[PDB]
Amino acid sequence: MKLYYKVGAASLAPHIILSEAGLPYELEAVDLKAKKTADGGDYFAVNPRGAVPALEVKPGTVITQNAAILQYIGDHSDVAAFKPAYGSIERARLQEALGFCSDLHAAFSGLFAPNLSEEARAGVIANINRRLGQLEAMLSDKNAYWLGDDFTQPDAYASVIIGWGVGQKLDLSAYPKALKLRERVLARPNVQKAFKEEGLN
């Protein structure tokens, strides 16, 4: 399969999960400014919504939307935690966490919008603070990772988003459970392998 990604963007989540699954994959860096693939072609032909990630499962079949991509990879892996039975409460918890990741992502996205005024920026920060508080409350110290004993796709996606906060030098020390989850994810060897593949430290 082929993952369309931009360095450090939300596409790092499925990059991490592809690496953890150990399935063969190819990567394609997208220029999101010009909306072009690396050969100079039109990225809108790949994803008409214009976003990364997109996953080409095989020629002519491209899946968009992180929740879909993350679960497709999981269902085609051998990692049981990545692929709970549909209809099981575990599957619902997986989807619920991925849905919340989209909400968390949406709060952060406001921060990188162009011509962002200081006043508009304050509202973005307030929503980031609100979503981070909700993630923090949702995490339980009875669980090594978000959903329980096992690392799953949500963990990777939350860790990437929190990393955007780190990169922006936001103070996230009031969210120790969130920081601990990210620290745990960042130490996983297949996570480091994905970060390397994007030229990131």
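Heads up: residue numbers just count along the shown sequence, starting at 1.
Per the PDB record, of the two stretches 48-56 and 35-43, 35-43 carries the greater mean B-factor over its C-alpha atoms. Higher average CA B factor: 123-131, of the stretches 123-131 and 95-103. Looking at 136, 149, 155, 141, the one whose CA carries the top B-factor in the deposited record is 141. Sort the modelled residues of the chain by CA B factor and residue 80 lands in the lowest third. Residue 11 sits in the lowest third of its chain by CA B factor, as recorded in the PDB entry.
In the PDB entry, a CA B factor belonging to the highest third of its chain's modelled residues is recorded for residue 168. In the PDB entry, a CA B factor belonging to the middle third of its chain's modelled residues is recorded for residue 88. Among the modelled residues of the chain, residue 68 sits in the lowest third by CA temperature factor in this PDB entry.
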